[PDB]
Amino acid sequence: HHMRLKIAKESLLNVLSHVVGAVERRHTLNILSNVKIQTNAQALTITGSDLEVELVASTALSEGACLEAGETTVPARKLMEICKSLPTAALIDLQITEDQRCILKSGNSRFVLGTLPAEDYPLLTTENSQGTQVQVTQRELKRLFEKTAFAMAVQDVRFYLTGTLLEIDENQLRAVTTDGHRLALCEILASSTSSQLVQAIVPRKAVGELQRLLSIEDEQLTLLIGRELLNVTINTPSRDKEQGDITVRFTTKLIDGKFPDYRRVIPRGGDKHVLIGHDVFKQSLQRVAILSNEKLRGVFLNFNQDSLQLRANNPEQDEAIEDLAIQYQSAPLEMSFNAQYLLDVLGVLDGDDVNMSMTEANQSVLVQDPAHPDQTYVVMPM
């Protein structure tokens, strides 16, 4: 019949917090701006999606929480705001009427929102089958994205550039990202059945959502990677007085393309190798950059034996020059890089030293951390 539910502010908001990151402020399909809420005596399920990424969060309800079972759709952003505005430990009474109106009462406050029918809410149907399953911990998966999120393109004509390639091969999961000017790669240990490689290009919004959901803990996760979709169920531990655990089901349409062979892009020529202290390199580039071109941000790195010179100048003829101590005994080379790209990779590296492998000025550069061989970064020249 018609849904009615009485629950604590924190309980409702907590489940909602996990799903409303997927909801778009305005969407071509009007109903997707709303969250779908379904309740019965034992559990409350909330769904949020934009048809590319879908999140379903559910929790075990309290004894008297569901007065009347039912399902409906409520404007997600408003409801979330309404809940946060209530005082701590408040109790909300939700009522859905025959005319499509959702009535929220808490304390002396009375709110009324417009609802839309729950069966009009679109779900990501799984028309394919026989997907690949990968076993990986949350930390390992979260790490893959943290070390490669930056090089992804924000918006572009070519779609696969905007996503993260997730590849499974020989008991190791890999994440690869590129915008055409740089590349990031991270590899971790995962368990899977397939002997052959499987590839999934995960859209940028989905990657962000997953990053928020994952934790540092080593809880095992099972990823189902199909030709058209990627599925993962995560159990978030909700620790509150008498609060049930929240289970979130993540579904995302994979980007339809074929990612470029990343291995061919990675330089293994390695003629010249340099090792530099991470702090010195980071600090020096920031200094030199101040006088580089404002949008372009290009600086010149001149490599000489055991000494790196950073040089930058702008249109106003201002110049910055600094000398750094580096572990380099090979031939001389001067290159120019978009500073920010170097600074971006440095943010990703947790080790004390930084190593670069170079061949020629025109050619690309390979950057890494000796301590962590799992991460590999490439930066092209100007």
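In this text, residue numbers run from 1 along the sequence as written.
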Checklist outcome for this item: Between 176 to 184 and 194 to 202, the record assigns the higher mean Cα B factor to 194 to 202
Checklist outcome for this item: When mean C-alpha B-factors in the record are compared for 160 to 168 and 268 to 276, the larger belongs to 268 to 276
Next on the checklist: Among the choices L32, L342, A331, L349, identify the one whose CA B-factor in the record is greatest.
Outcome noted: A331
Checklist entry - Among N231, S238, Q138, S109, where is the Cα temperature factor highest, going by the PDB entry? => result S238
Item to check | Chain-relative CA temperature factor third for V19 | outcome: lowest
Next on the checklist: Which third, lowest, middle or highest, does the C-alpha temperature factor of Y121 belong to within its own chain?
Outcome noted: lowest
Next on the checklist: By the recorded C-alpha temperature factor, relative to the other modelled residues in its chain, which third is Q327 in?
Outcome noted: highest
Checklist entry - Would the CA B-factor of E316 place it in the lowest, middle or highest third of its chain? => result highest
Next on the checklist: Could you place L254 in the lowest, middle or highest third of its chain by Cα temperature factor, using the values in the record?
Outcome noted: lowest
